[PDB]
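Asker: Here it is: the structure, laid out below.
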Ligand SMILES: Nc1[nH]c(=O)nc2c1ncn2[C@H]1C[C@H](O)[C@@H](COP(=O)(O)O)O1
Ligand SMILES: [Mn+2]
Ligand SMILES: [Mn+2]
Ligand SMILES: [Mn+2]
């Protein structure tokens, strides 16, 4: 039994492209990823996801839809990362570089998997297919998966 900390992950997914952010600092720096961060006290998970999207990309959206949940375990870290994954296709501003993230659009036949977290190669395809998923990944460091589980679900 480990304890877990709540995080969000937000993918702006349109019919032919996806918005990713190049992490400029901190955890996972140098990788393209969705936008997000720790959920704060007093906010719902969805509202934390909306806040992090605004802070890191400049985009303000009224609503997100939950598409997945992924638990990350790191060797040597007793605390699990409980990551709630959200999507939307509906935006109405331009992405803006923040201190944390540089946003960039990618065509959906140019998803930059080699420069994303290794786990994304497994669950991102389900997201593209509009399937919901539960995942778990145990990492040695930032590059090596020692164990993982991925399942399509009907309810996240
Ligand atoms: N293995 C992984 N794969 C992934 O796609 N995103 C991850 C991840 N591990 C952490 N993240 C995301 C979850 C959060 O959005 C962010 C971590 O929080 P901050 O470093 O505070 O932004 O990175
Ligand atoms: Mn953040
Ligand atoms: Mn934060
Ligand atoms: Mn963040």
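In the entry's author numbering, the protein residues as written are 1 to 156.
Note that CB positions come from ideal geometry on N, CA and C, so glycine has one too.
Roughly how many whole angstroms lie between the Cα atoms of residue 15 and residue 32?
Answerer: 19 Å
Asker: Per DSSP, what kind of secondary structure is residue 55 in: helix, strand or coil?
Answerer: Reduced to three states, the DSSP call for residue 55 is helix.
Asker: Pick from 21, 73 and 130: whose alpha carbon is nearest that of residue 136?
Answerer: 73
Asker: Pick from 48, 76 and 53: whose alpha carbon is nearest that of residue 93?
Answerer: 53
Asker: DSSP on residue 128, reduced to helix/strand/coil?
Answerer: helix
Asker: Over the uninterrupted beta strand (DSSP E) stretch that includes residue 21, give me the two end residues.
Answerer: 17 to 23
Asker: Which residues in the same chain have their Cβ closer than 6 Å to the Cβ of residue 83, if we skip the five residues on either side of it in sequence?
Answerer: 7, 9 and 70.
Asker: Please classify residue 1: is it buried, with 16 or more other beta-carbons within 10 angstroms of its beta-carbon, or exposed?
Answerer: exposed
Asker: Is the beta carbon of residue 48 less than 7 Å from the beta carbon of residue 101?
Answerer: no
Asker: Along the beta strand (DSSP E) that carries residue 31, what are the first and last residues, could you check?
Answerer: Judged by DSSP secondary structure, residue 31 falls outside any beta strand (DSSP E); it is assigned neither H nor E.
Asker: Anything with a beta carbon under 7 Å from a heavy atom of ligand 2 counts; list them all in chain order.
Answerer: 36, 37, 52, 55, 56 and 100
Asker: Along the chain, where does the beta strand (DSSP E) containing residue 4 start, and where does it finish?
Answerer: 4 to 13
Asker: Where residue 138 and residue 129 are concerned, what is the direct C-alpha to C-alpha distance, given to the nearest angstrom?
Answerer: Taking the straight line joining both Cα atoms gives about 24 Å.
Asker: Here's the rule: buried if 16 or more other CB atoms are within 10 angstroms of the residue's CB, otherwise exposed. What is residue 56?
Answerer: buried
Asker: For residue 36, collect the residues of the same chain with a Cβ closer than 7 Å to its Cβ; drop the 5 residues on either side in sequence, then sort them by chain order.
Answerer: 7, 8, 9, 10, 49 and 52
Asker: Which partner residues of residue 135 appear in the DSSP bridge assignment?
Answerer: DSSP output for residue 135 lists 70 and 150 as bridge partner(s).
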